[PDB]
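Quick look at work_27.cif (mmCIF, C-alpha atoms):
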data_target
#
loop_
_atom_site.group_PDB
_atom_site.id
_atom_site.type_symbol
_atom_site.label_atom_id
_atom_site.label_comp_id
_atom_site.auth_asym_id
_atom_site.auth_seq_id
_atom_site.Cartn_x
_atom_site.Cartn_y
_atom_site.Cartn_z
ATOM 1 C CA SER A 1 127.711 132.651 102.614
ATOM 2 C CA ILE A 2 130.972 130.694 102.963
ATOM 3 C CA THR A 3 130.624 127.908 100.440
ATOM 4 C CA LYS A 4 133.333 125.531 101.708
ATOM 5 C CA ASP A 5 132.057 126.090 105.263
ATOM 6 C CA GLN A 6 128.831 124.731 103.754
ATOM 7 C CA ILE A 7 130.169 121.662 101.886
ATOM 8 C CA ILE A 8 132.344 120.001 104.535
ATOM 9 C CA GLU A 9 129.116 119.521 106.583
ATOM 10 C CA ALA A 10 127.017 119.341 103.375
ATOM 11 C CA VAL A 11 128.509 116.002 102.284
ATOM 12 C CA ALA A 12 128.704 114.393 105.754
ATOM 13 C CA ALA A 13 125.593 114.308 108.006
ATOM 14 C CA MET A 14 123.036 111.944 109.661
ATOM 15 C CA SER A 15 119.672 110.553 108.373
ATOM 16 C CA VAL A 16 116.370 111.446 110.176
ATOM 17 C CA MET A 17 118.020 114.879 110.489
ATOM 18 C CA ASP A 18 117.353 115.158 106.742
ATOM 19 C CA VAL A 19 114.004 113.270 106.768
ATOM 20 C CA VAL A 20 112.389 116.065 108.836
ATOM 21 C CA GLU A 21 114.256 118.786 106.799
ATOM 22 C CA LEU A 22 114.038 118.400 102.947
ATOM 23 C CA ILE A 23 110.270 118.135 102.873
ATOM 24 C CA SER A 24 110.746 121.901 103.371
ATOM 25 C CA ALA A 25 113.896 123.113 101.563
ATOM 26 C CA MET A 26 111.405 123.053 98.698
ATOM 27 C CA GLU A 27 109.426 125.794 100.447
ATOM 28 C CA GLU A 28 111.683 128.826 101.017
ATOM 29 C CA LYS A 29 112.816 128.563 97.408
ATOM 30 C CA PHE A 30 111.283 126.876 94.292
ATOM 31 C CA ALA B 1 103.681 85.641 82.255
ATOM 32 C CA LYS B 2 100.285 87.185 83.034
ATOM 33 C CA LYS B 3 98.417 84.538 80.949
ATOM 34 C CA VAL B 4 98.784 80.680 80.946
ATOM 35 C CA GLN B 5 97.890 78.739 77.688
ATOM 36 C CA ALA B 6 99.591 75.302 77.463
ATOM 37 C CA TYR B 7 101.864 73.382 79.864
ATOM 38 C CA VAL B 8 102.837 69.713 80.275
ATOM 39 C CA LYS B 9 105.745 68.862 82.523
ATOM 40 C CA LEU B 10 107.368 65.460 82.292
ATOM 41 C CA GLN B 11 110.778 65.711 83.870
ATOM 42 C CA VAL B 12 113.389 65.315 81.122
ATOM 43 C CA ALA B 13 117.211 64.916 81.122
ATOM 44 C CA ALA B 14 120.190 67.117 80.245
ATOM 45 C CA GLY B 15 123.199 65.146 78.916
ATOM 46 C CA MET B 16 121.344 64.351 75.701
ATOM 47 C CA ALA B 17 118.058 65.943 74.764
ATOM 48 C CA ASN B 18 116.853 63.242 72.379
ATOM 49 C CA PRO B 19 114.611 60.714 74.107
ATOM 50 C CA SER B 20 112.237 58.286 72.388
ATOM 51 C CA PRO B 21 110.865 55.536 74.668
ATOM 52 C CA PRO B 22 110.212 57.756 77.775
ATOM 53 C CA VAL B 23 109.071 60.990 76.062
ATOM 54 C CA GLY B 24 110.591 61.603 72.637
ATOM 55 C CA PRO B 25 107.594 62.123 70.259
ATOM 56 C CA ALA B 26 105.098 62.750 73.047
ATOM 57 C CA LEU B 27 107.064 65.869 74.062
ATOM 58 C CA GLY B 28 106.444 67.601 70.696
ATOM 59 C CA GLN B 29 103.756 66.704 68.176
ATOM 60 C CA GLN B 30 100.924 69.284 68.159
ATOM 61 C CA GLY B 31 102.594 72.295 66.542
ATOM 62 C CA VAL B 32 105.811 71.521 68.416
ATOM 63 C CA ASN B 33 109.242 70.904 66.818
ATOM 64 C CA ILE B 34 111.381 67.891 67.836
ATOM 65 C CA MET B 35 114.269 69.497 65.937
ATOM 66 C CA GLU B 36 114.520 72.537 68.276
ATOM 67 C CA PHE B 37 114.772 71.136 71.826
ATOM 68 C CA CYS B 38 118.361 69.992 70.889
ATOM 69 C CA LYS B 39 119.104 73.372 69.268
ATOM 70 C CA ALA B 40 117.567 75.373 72.148
ATOM 71 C CA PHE B 41 117.447 73.309 75.462
ATOM 72 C CA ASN B 42 121.107 72.386 75.507
ATOM 73 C CA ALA B 43 121.719 76.150 75.123
ATOM 74 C CA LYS B 44 120.389 76.457 78.713
ATOM 75 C CA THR B 45 121.609 73.022 79.877
ATOM 76 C CA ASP B 46 125.420 73.142 80.173
ATOM 77 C CA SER B 47 125.616 76.453 82.013
ATOM 78 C CA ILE B 48 124.361 74.632 85.166
ATOM 79 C CA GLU B 49 124.615 70.793 85.318
ATOM 80 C CA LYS B 50 123.461 67.617 83.448
ATOM 81 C CA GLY B 51 121.625 64.292 83.897
ATOM 82 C CA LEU B 52 119.136 64.762 86.688
ATOM 83 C CA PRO B 53 115.302 65.692 86.880
ATOM 84 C CA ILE B 54 114.022 68.608 84.721
ATOM 85 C CA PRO B 55 110.306 69.499 84.645
ATOM 86 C CA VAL B 56 109.569 72.022 81.825
ATOM 87 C CA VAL B 57 107.175 74.437 79.885
ATOM 88 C CA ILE B 58 107.427 75.620 76.314
ATOM 89 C CA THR B 59 105.954 78.509 74.280
ATOM 90 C CA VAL B 60 104.183 76.796 71.375
ATOM 91 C CA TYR B 61 100.863 78.170 70.109
ATOM 92 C CA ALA B 62 100.222 76.845 66.610
ATOM 93 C CA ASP B 63 103.122 79.078 65.478
ATOM 94 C CA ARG B 64 105.456 76.396 63.969
ATOM 95 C CA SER B 65 108.523 77.175 66.106
ATOM 96 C CA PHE B 66 108.691 78.177 69.790
ATOM 97 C CA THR B 67 110.775 79.315 72.755
ATOM 98 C CA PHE B 68 111.680 77.008 75.697
ATOM 99 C CA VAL B 69 111.316 77.855 79.407
ATOM 100 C CA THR B 70 113.087 76.303 82.457
ATOM 101 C CA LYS B 71 111.831 75.307 85.958
ATOM 102 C CA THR B 72 112.934 73.636 89.204
ATOM 103 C CA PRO B 73 113.380 70.187 90.767
ATOM 104 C CA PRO B 74 110.824 68.276 92.938
ATOM 105 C CA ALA B 75 111.303 68.953 96.670
ATOM 106 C CA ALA B 76 110.725 65.599 98.366
ATOM 107 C CA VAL B 77 113.236 64.282 95.802
ATOM 108 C CA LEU B 78 115.943 66.462 97.299
ATOM 109 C CA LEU B 79 115.841 63.776 100.001
ATOM 110 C CA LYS B 80 117.315 61.129 97.698
ATOM 111 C CA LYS B 81 120.569 62.496 96.326
ATOM 112 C CA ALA B 82 120.241 65.140 99.038
ATOM 113 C CA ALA B 83 119.515 62.860 102.001
ATOM 114 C CA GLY B 84 119.859 59.063 101.945
ATOM 115 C CA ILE B 85 117.433 56.312 100.946
ATOM 116 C CA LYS B 86 115.890 56.609 97.493
ATOM 117 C CA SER B 87 112.517 54.937 98.048
ATOM 118 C CA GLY B 88 110.586 56.183 101.103
ATOM 119 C CA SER B 89 109.268 53.115 102.982
ATOM 120 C CA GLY B 90 110.031 49.354 102.521
ATOM 121 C CA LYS B 91 107.976 48.737 105.645
ATOM 122 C CA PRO B 92 104.637 50.340 104.457
ATOM 123 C CA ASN B 93 104.102 53.553 106.438
ATOM 124 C CA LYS B 94 102.364 51.578 109.157
ATOM 125 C CA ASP B 95 106.099 51.664 110.291
ATOM 126 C CA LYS B 96 108.023 54.976 110.633
ATOM 127 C CA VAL B 97 111.135 53.975 108.696
ATOM 128 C CA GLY B 98 113.086 56.952 107.182
ATOM 129 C CA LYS B 99 115.915 59.154 108.619
ATOM 130 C CA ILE B 100 116.938 62.868 108.258
ATOM 131 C CA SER B 101 119.730 65.460 108.030
ATOM 132 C CA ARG B 102 118.689 68.563 110.062
ATOM 133 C CA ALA B 103 121.608 70.627 108.751
ATOM 134 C CA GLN B 104 120.302 69.978 105.312
ATOM 135 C CA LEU B 105 116.601 70.865 104.811
ATOM 136 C CA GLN B 106 117.486 74.525 104.931
ATOM 137 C CA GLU B 107 120.244 75.069 102.411
ATOM 138 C CA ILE B 108 119.050 72.047 100.398
ATOM 139 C CA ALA B 109 115.574 73.559 100.463
ATOM 140 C CA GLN B 110 117.024 77.072 99.925
ATOM 141 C CA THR B 111 118.265 75.687 96.594
ATOM 142 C CA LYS B 112 114.520 75.910 95.741
ATOM 143 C CA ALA B 113 114.324 79.595 96.744
ATOM 144 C CA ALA B 114 112.850 80.664 93.394
ATOM 145 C CA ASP B 115 109.529 78.809 93.798
ATOM 146 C CA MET B 116 108.114 79.388 97.261
ATOM 147 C CA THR B 117 105.775 81.679 99.085
ATOM 148 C CA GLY B 118 107.404 82.085 102.506
ATOM 149 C CA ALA B 119 108.984 85.523 102.914
ATOM 150 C CA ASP B 120 111.165 84.237 105.751
ATOM 151 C CA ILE B 121 113.678 81.793 104.229
ATOM 152 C CA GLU B 122 113.292 80.056 107.576
ATOM 153 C CA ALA B 123 109.598 79.698 106.647
ATOM 154 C CA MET B 124 110.685 78.020 103.452
ATOM 155 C CA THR B 125 112.228 75.518 105.820
ATOM 156 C CA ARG B 126 109.107 74.921 107.881
ATOM 157 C CA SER B 127 107.432 73.830 104.660
ATOM 158 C CA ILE B 128 110.107 71.187 104.140
ATOM 159 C CA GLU B 129 109.243 69.736 107.539
ATOM 160 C CA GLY B 130 106.030 68.104 106.335
ATOM 161 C CA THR B 131 107.566 67.578 102.910
ATOM 162 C CA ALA B 132 110.142 65.542 104.851
ATOM 163 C CA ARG B 133 107.770 64.038 107.452
ATOM 164 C CA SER B 134 106.256 62.547 104.343
ATOM 165 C CA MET B 135 106.753 59.090 105.811
ATOM 166 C CA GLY B 136 107.253 59.899 109.465
ATOM 167 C CA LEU B 137 111.053 59.978 109.180
ATOM 168 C CA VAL B 138 112.342 61.878 112.255
ATOM 169 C CA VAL B 139 115.091 64.481 112.051
ATOM 170 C CA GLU B 140 117.986 64.329 114.547
ATOM 171 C CA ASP B 141 117.630 67.960 115.549
ATOM 172 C CA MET C 1 83.727 82.302 112.058
ATOM 173 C CA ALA C 2 84.810 83.208 115.547
ATOM 174 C CA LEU C 3 82.985 85.013 118.330
ATOM 175 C CA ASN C 4 83.953 88.446 119.655
ATOM 176 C CA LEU C 5 87.162 87.408 121.415
ATOM 177 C CA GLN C 6 88.396 87.154 117.820
ATOM 178 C CA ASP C 7 86.574 90.056 116.173
ATOM 179 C CA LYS C 8 88.398 92.152 118.769
ATOM 180 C CA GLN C 9 91.919 91.050 117.798
ATOM 181 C CA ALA C 10 91.386 91.794 114.122
ATOM 182 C CA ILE C 11 90.684 95.239 115.607
ATOM 183 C CA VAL C 12 93.285 95.860 118.361
ATOM 184 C CA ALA C 13 95.937 94.593 115.929
ATOM 185 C CA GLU C 14 94.729 96.338 112.794
ATOM 186 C CA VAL C 15 94.090 99.691 114.497
ATOM 187 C CA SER C 16 97.528 99.896 116.133
ATOM 188 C CA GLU C 17 98.821 99.907 112.558
ATOM 189 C CA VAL C 18 96.896 103.099 111.972
ATOM 190 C CA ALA C 19 97.949 104.456 115.357
ATOM 191 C CA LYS C 20 101.543 103.521 114.515
ATOM 192 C CA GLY C 21 101.668 103.781 110.673
ATOM 193 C CA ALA C 22 102.655 105.918 107.647
ATOM 194 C CA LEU C 23 100.544 105.870 104.395
ATOM 195 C CA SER C 24 97.168 104.423 103.201
ATOM 196 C CA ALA C 25 95.958 103.338 99.735
ATOM 197 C CA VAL C 26 92.847 101.758 98.225
ATOM 198 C CA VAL C 27 91.437 98.967 96.039
ATOM 199 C CA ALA C 28 88.401 96.790 95.076
ATOM 200 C CA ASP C 29 89.429 93.140 94.149
ATOM 201 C CA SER C 30 86.310 91.983 92.319
ATOM 202 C CA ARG C 31 88.202 89.230 90.432
ATOM 203 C CA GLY C 32 91.090 89.311 92.864
ATOM 204 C CA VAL C 33 92.968 86.195 91.658
ATOM 205 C CA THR C 34 95.737 84.620 93.775
ATOM 206 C CA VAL C 35 98.562 85.330 91.393
ATOM 207 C CA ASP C 36 97.207 88.661 92.609
ATOM 208 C CA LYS C 37 98.093 88.267 96.274
ATOM 209 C CA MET C 38 101.220 86.201 95.410
ATOM 210 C CA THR C 39 102.780 89.200 93.628
ATOM 211 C CA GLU C 40 101.820 92.116 96.028
ATOM 212 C CA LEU C 41 103.401 90.059 98.956
ATOM 213 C CA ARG C 42 106.659 90.064 97.087
ATOM 214 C CA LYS C 43 105.867 93.785 96.678
ATOM 215 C CA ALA C 44 105.232 94.007 100.418
ATOM 216 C CA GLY C 45 108.304 91.829 100.125
ATOM 217 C CA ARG C 46 110.384 94.585 98.497
ATOM 218 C CA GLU C 47 108.440 97.014 100.609
ATOM 219 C CA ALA C 48 110.025 94.999 103.561
ATOM 220 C CA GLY C 49 107.993 91.791 103.688
ATOM 221 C CA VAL C 50 105.251 91.563 106.398
ATOM 222 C CA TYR C 51 105.549 95.381 107.349
ATOM 223 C CA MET C 52 102.569 95.833 104.889
ATOM 224 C CA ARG C 53 99.238 94.131 104.849
ATOM 225 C CA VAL C 54 95.906 94.267 102.872
ATOM 226 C CA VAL C 55 93.620 92.284 105.256
ATOM 227 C CA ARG C 56 90.329 92.362 103.296
ATOM 228 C CA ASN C 57 87.844 93.654 105.950
ATOM 229 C CA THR C 58 85.790 96.409 104.350
ATOM 230 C CA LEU C 59 83.051 95.425 106.662
ATOM 231 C CA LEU C 60 82.692 99.026 107.873
ATOM 232 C CA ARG C 61 81.916 96.895 110.872
ATOM 233 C CA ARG C 62 85.713 96.053 110.945
ATOM 234 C CA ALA C 63 88.257 98.357 109.278
ATOM 235 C CA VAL C 64 85.994 101.293 110.116
ATOM 236 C CA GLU C 65 85.808 99.980 113.705
ATOM 237 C CA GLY C 66 89.485 101.040 113.306
ATOM 238 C CA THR C 67 88.554 104.427 111.736
ATOM 239 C CA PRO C 68 86.619 106.563 114.331
ATOM 240 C CA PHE C 69 90.056 106.060 115.845
ATOM 241 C CA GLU C 70 92.217 107.820 113.110
ATOM 242 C CA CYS C 71 91.468 108.315 109.364
ATOM 243 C CA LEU C 72 87.712 109.181 109.626
ATOM 244 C CA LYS C 73 87.996 109.958 105.844
ATOM 245 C CA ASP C 74 87.129 106.312 105.344
ATOM 246 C CA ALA C 75 83.557 106.179 106.499
ATOM 247 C CA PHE C 76 83.364 106.919 102.764
ATOM 248 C CA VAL C 77 85.805 104.255 101.486
ATOM 249 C CA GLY C 78 84.482 101.242 103.373
ATOM 250 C CA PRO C 79 81.262 100.801 101.378
ATOM 251 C CA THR C 80 81.286 97.864 98.979
ATOM 252 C CA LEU C 81 84.330 95.647 98.413
ATOM 253 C CA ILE C 82 87.638 97.049 99.638
ATOM 254 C CA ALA C 83 91.298 96.029 100.248
ATOM 255 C CA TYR C 84 92.861 98.324 102.978
ATOM 256 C CA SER C 85 96.798 98.707 102.827
ATOM 257 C CA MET C 86 98.758 100.209 105.798
ATOM 258 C CA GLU C 87 102.443 101.252 105.976
ATOM 259 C CA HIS C 88 104.687 101.026 109.033
ATOM 260 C CA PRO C 89 108.290 102.003 108.061
ATOM 261 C CA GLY C 90 109.294 103.062 104.557
ATOM 262 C CA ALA C 91 108.685 106.388 102.831
ATOM 263 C CA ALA C 92 105.085 107.462 102.436
ATOM 264 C CA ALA C 93 106.170 105.415 99.366
ATOM 265 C CA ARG C 94 105.723 103.445 96.116
ATOM 266 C CA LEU C 95 102.883 101.450 97.732
ATOM 267 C CA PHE C 96 100.871 104.172 96.109
ATOM 268 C CA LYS C 97 102.546 103.727 92.736
ATOM 269 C CA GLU C 98 102.159 100.055 91.826
ATOM 270 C CA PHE C 99 98.577 99.820 92.925
ATOM 271 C CA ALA C 100 97.801 102.068 89.945
ATOM 272 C CA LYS C 101 100.376 100.360 87.751
ATOM 273 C CA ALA C 102 99.190 96.912 88.936
ATOM 274 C CA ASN C 103 95.427 97.523 88.425
ATOM 275 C CA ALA C 104 96.360 99.337 85.176
ATOM 276 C CA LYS C 105 97.592 95.921 84.028
ATOM 277 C CA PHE C 106 93.901 94.967 84.131
ATOM 278 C CA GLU C 107 94.623 93.491 87.597
ATOM 279 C CA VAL C 108 90.965 94.237 88.461
ATOM 280 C CA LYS C 109 89.564 97.696 89.350
ATOM 281 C CA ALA C 110 91.174 100.005 91.937
ATOM 282 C CA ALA C 111 87.945 101.414 93.501
ATOM 283 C CA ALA C 112 88.760 104.174 91.027
ATOM 284 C CA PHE C 113 91.233 104.446 93.920
ATOM 285 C CA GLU C 114 88.894 106.233 96.290
ATOM 286 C CA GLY C 115 92.206 107.243 97.961
ATOM 287 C CA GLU C 116 93.025 107.878 101.642
ATOM 288 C CA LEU C 117 95.272 109.384 104.320
ATOM 289 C CA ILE C 118 98.700 111.005 104.800
ATOM 290 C CA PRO C 119 97.104 114.383 104.584
ATOM 291 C CA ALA C 120 93.316 113.691 105.262
ATOM 292 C CA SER C 121 91.760 113.545 101.790
ATOM 293 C CA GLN C 122 91.091 111.717 98.476
ATOM 294 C CA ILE C 123 92.374 110.534 95.081
ATOM 295 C CA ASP C 124 95.310 111.116 92.633
ATOM 296 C CA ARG C 125 98.327 108.942 91.898
ATOM 297 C CA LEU C 126 101.517 110.575 93.168
ATOM 298 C CA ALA C 127 105.180 109.718 92.845
ATOM 299 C CA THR C 128 105.679 112.679 95.213
ATOM 300 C CA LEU C 129 107.457 109.916 96.951
ATOM 301 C CA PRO C 130 110.633 107.629 96.900
ATOM 302 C CA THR C 131 112.308 110.364 95.270
ATOM 303 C CA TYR C 132 112.458 110.361 99.129
ATOM 304 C CA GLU C 133 116.197 109.960 99.724
ATOM 305 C CA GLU C 134 116.311 112.078 96.518
ATOM 306 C CA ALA C 135 117.820 114.622 98.801
ATOM 307 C CA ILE C 136 120.419 114.184 96.037
ATOM 308 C CA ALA C 137 117.933 116.345 94.124
ATOM 309 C CA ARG C 138 119.174 118.821 96.738
ATOM 310 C CA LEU C 139 122.782 117.705 96.422
ATOM 311 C CA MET C 140 122.807 118.453 92.673
ATOM 312 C CA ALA C 141 121.023 121.652 93.778
ATOM 313 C CA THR C 142 124.330 122.486 95.524
ATOM 314 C CA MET C 143 127.297 122.378 93.033
ATOM 315 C CA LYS C 144 125.012 123.433 90.135
ATOM 316 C CA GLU C 145 123.773 126.376 92.284
ATOM 317 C CA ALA C 146 127.380 127.138 93.408
ATOM 318 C CA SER C 147 128.706 126.940 89.761
ATOM 319 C CA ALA C 148 125.817 128.111 87.375
#
I'd like the structure from this file rewritten - as structure tokens, please.
Amino acid sequence: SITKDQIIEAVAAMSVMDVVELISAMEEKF
Amino acid sequence: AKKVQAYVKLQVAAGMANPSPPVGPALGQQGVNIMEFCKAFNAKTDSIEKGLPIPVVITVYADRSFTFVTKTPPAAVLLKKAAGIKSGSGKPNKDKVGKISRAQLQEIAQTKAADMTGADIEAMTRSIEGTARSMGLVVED
Amino acid sequence: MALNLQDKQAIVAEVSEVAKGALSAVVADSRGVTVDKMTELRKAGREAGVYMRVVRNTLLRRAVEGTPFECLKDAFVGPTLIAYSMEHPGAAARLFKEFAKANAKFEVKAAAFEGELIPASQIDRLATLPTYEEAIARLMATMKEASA
């Protein structure tokens, strides 16, 4: 996909957003 | 330190580590070296301050030499040069004689942050209450 | 000791930690010194302060009286001497880690760490933990994926 369109948001975001999110990025791939 | 072995604390002095009538010999004579507390102590003395009360522990087995540790000052004593009167009564404590500084007791206690159990630094204060109601000297809170 | 009016508080308090908690560990303190507690309270200290406990209670009759609530995986821990540890905030964290590292400094047994509850199961030291915030291990997974 568009890499810059996924860096501008992928350096600036919230907290508990991530806390219920990256216990699972590990799942689709790895 | 996960194993104690030998400790005697008899509050020394900074400006010159070389006593004789108070401590002197009796601070080092059972595998301890009188020559090295003026080579080593004063190496940890001048970074801070000099003259006033210093309890202390050393690392002497029967291994000739050693390495010196530091400590902390008495807490009811920070109510002498850190309060007012230097005794504690005068009228035996059948009379409630002393007198306090409420402002102090926290930051003057806080100076002893490295040797107390209270998580809450406010708790570390509540200890100093009784430590400073040691006579029945009321604090003008 | 105290009557019931007090055996009830040690419950209603201790079980609302389970009902409102995070992780659970294990440990048997046969020889539990006090330099022991001193330390682990600074650890609770780092691990907030007083967010943590360990209230020795392994009277099945107590910290199981908090189990047929949640964590009925502990009808089996509660026998013999035990030191129950609950987490409120914090990652499902490091709590885990130093208990093994502590007791592996002699610091008495660890019940072989009979283990506990996050899942609903048993033993095995994991640092699958406080990497937590190692979402950076998914930040480096960005540029390195984009480049390489």
Proximal residues of chain C relative to chain B (all atoms listed in the file; 8 Å) as a VMD selection string: chain C and resid 38 42 45 49 to 50
Give me, as CSV, each residue of chain A that comes within 8 Å of chain C, together with its shortest interatomic pair and the distance in Å at one decimal, counting all atoms listed in the file, with rows ordered by chain and rising residue number.
residue,atom,partner,partner_atom,distance
A:3,CA,C:146,CA,7.8
A:18,CA,C:135,CA,8.0
A:22,CA,C:135,CA,6.8
Expansion of the PyMOL selection byres ((chain B and resi 66-75) around 7) into residues, as a list in words: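 Expected selection for the PyMOL selection byres ((chain B and resi 66-75) around 7) here is residues 41, 53, 54, 55, 56, 57, 58, 59, 60, 64, 65, 76, 77 and 78 of chain B.
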Ground truth for the PyMOL selection byres ((chain B and resi 109) around 8), written as a list in words: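 Selection result, ordered by chain and number: residues 75, 78, 104, 105, 106, 107, 108, 110, 111, 112, 113, 124, 125 and 128 of chain B.
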For C-alpha atoms, I'd like the residues from the last selection saved as a tab-separated table (two decimals), in the frame of the given file.
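Below you can see out14.tsv, which holds the result:
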chain	number	residue	atom	x	y	z
B	75	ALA	CA	111.30	68.95	96.67
B	78	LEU	CA	115.94	66.46	97.30
B	104	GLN	CA	120.30	69.98	105.31
B	105	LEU	CA	116.60	70.86	104.81
B	106	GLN	CA	117.49	74.53	104.93
B	107	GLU	CA	120.24	75.07	102.41
B	108	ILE	CA	119.05	72.05	100.40
B	110	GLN	CA	117.02	77.07	99.92
B	111	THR	CA	118.26	75.69	96.59
B	112	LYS	CA	114.52	75.91	95.74
B	113	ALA	CA	114.32	79.60	96.74
B	124	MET	CA	110.68	78.02	103.45
B	125	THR	CA	112.23	75.52	105.82
B	128	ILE	CA	110.11	71.19	104.14
Residues selected by the PyMOL selection byres ((chain C and resi 20-26) around 6), written as a list in words: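 Against this file, the PyMOL selection byres ((chain C and resi 20-26) around 6) returns the residues residues 16, 17, 18, 19, 27, 84, 85, 86, 87, 88, 92, 113, 115, 116, 117 and 118 of chain C.
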Atomic distance atom CA of residue 56 of chain C - atom CA of residue 82 of chain C, expressed in Å with one decimal: 6.5 Å
Given 5 Å of margin on each side, can you work out the centre and size in Å (one decimal) of an axis-aligned box holding every listed atom of segment 12-28 of chain A, as JSON?
{"center_x": 119.1, "center_y": 119.7, "center_z": 104.6, "size_x": 29.3, "size_y": 28.3, "size_z": 21.8}
Top pick for closest residue to residue 10 of chain A, considering C:35, C:90, C:140, C:148 and counting only C-alpha atoms: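 Smallest distance to residue 10 of chain A is found for C:140.
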Computed interatomic separation between atom CA of residue 37 of chain C and atom CA of residue 95 of chain C (Å): 14.1 Å
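Interatomic distance, atom CA of residue 38 of chain B to atom CA of residue 8 of chain B: 18.1 Å.
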Close residues, segment 86-96 of chain B itself excluded, 12 Å, only C-alpha atoms, min 3 positions apart in chain, as a ChimeraX atom specification: /B:76-83,99-100,131-139
